[PDB]
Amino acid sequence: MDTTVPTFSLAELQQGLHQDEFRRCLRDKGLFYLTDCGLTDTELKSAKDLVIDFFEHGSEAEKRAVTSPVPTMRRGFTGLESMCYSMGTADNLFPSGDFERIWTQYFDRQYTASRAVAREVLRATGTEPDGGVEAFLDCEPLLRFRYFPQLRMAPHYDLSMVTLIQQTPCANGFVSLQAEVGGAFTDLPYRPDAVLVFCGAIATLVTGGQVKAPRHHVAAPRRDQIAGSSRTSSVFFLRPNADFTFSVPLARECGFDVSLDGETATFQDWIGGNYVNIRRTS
C-alpha cells in the first residue's frame, strides 16, 4: 500500500469520479486532503486575522462579554490550558458586527463543505442512514479555532462523522499535525489549496465498518523551532444529532465495544448526554 495521504477534488467526487480509489482511501486510511470544496486560503486568512486581532488586542471586558459562564469551548472565547474561539449554527457569541459577518460566512462555508464530503462518503459506501441522508447531515456541528503560542496534543481519534481542518503554518516550517498511515506517523502539512479531512468514528459506525477513523496527534518542536513555532488550526466537527439511530450488532461487528441492550440505539444512548469529540485508545 502506497502510504501517501491522497487528495480528492470534491467537485470530481460529486461527478462520480475516482470511486474505487475513494472507497479504498476511506477503508484503509480514513483521511485525505480535499480541494475544490469552496474553502479558500484568502477567506481562511480574513477570519484568522480578525480573531487573532481579538485574541491579541481585545480587553478583558470584551473577552468576558463573549465567554460562556461554563468553560466548555462550545461557544465564544476560551482562554485555554492557547486561546480558542468556538461557534455553531446558533447561540453564538461575537465581539463585533464585523467579526460576526466574517465568521458567519466562514462557518457556513465550512458546514457546507463538511456536509458535502460526508454525503460523498455515504454515497461511495452505499449507506443510507436510518432516517435518511439529509436528516443525518442536518446536525450538530462545532467549529473551534485555536491559536497555539510558540506532544502538544495527545494521540486520539475523532468521534465525528468527519472533521475538516484548516491550519496556518509554523513560520519556521515545522509540521506539527501527524496521523497514523500504514502503521507510521505521517506529516499533515498546511496546504493553501486544500482542507484536511479526518474521518471520525461515526463514519465507521454509520457505514458498517467501511471507513477507518485514524489516530492523530500534534507534535512539539525540538531544539531549532522554539523560534517560529506558533500555529493556528480551524477544526470543524460534523457531529450527529442525539437521535441518530444505528444497529447494535452491526456496531459490534466493526470494533465498537458497546454496552447496549437490545437491537438498535441512539448516539445519545452510546455516548451519553454531553458530546465527546475525541477518544484515546490508551
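Numbering starts at 1 and follows the sequence shown. Superpose the two forms; the largest set of C-alphas matching within 1.5 Å is the rigid core.
Between 207-215 and 141-149, greater CA displacement relative to the shown form is found for 141-149 when the structures in 5 other deposited structures of this protein are fitted on the core. Remark: when the other structures in 5 other deposited structures of this protein are fitted onto this one via the rigid core, 70-78 deviates more than the alternative among 169-177 and 70-78, judged by RMS CA distance. Unmodelled stretch separating residue 81 from residue 82: 10 or more residues (count of deposited-sequence residues without coordinates). Unmodelled stretch separating residue 150 from residue 151: 10 or more residues (count of deposited-sequence residues without coordinates). Here the stretch with the larger average CA B-factor, out of 170-178 and 116-124, is 170-178. For the pair 220-228 and 61-69, the mean B factor over Cα atoms is greater in 220-228.
Across 29, 252, 45, 239, the greatest Cα temperature factor reported in the deposited entry is at 45. The PDB entry gives the largest Cα B-factor of the residues 160, 96, 110, 104 to 96. Sorting the modelled residues of the chain by their CA temperature factor places residue 17 in the highest third. The entry lists a Cα temperature factor for residue 40 that places it in the highest third of the chain's modelled residues. Annotation for residue 243: C-alpha temperature factor in the middle third relative to the rest of the modelled chain, per the entry.
For residue 7, the recorded CA B-factor ranks within the lowest third of the chain. Only modelled residues enter the ranking.
The PDB entry assigns residue 200 a C-alpha temperature factor belonging to the lowest third of its chain's modelled residues.
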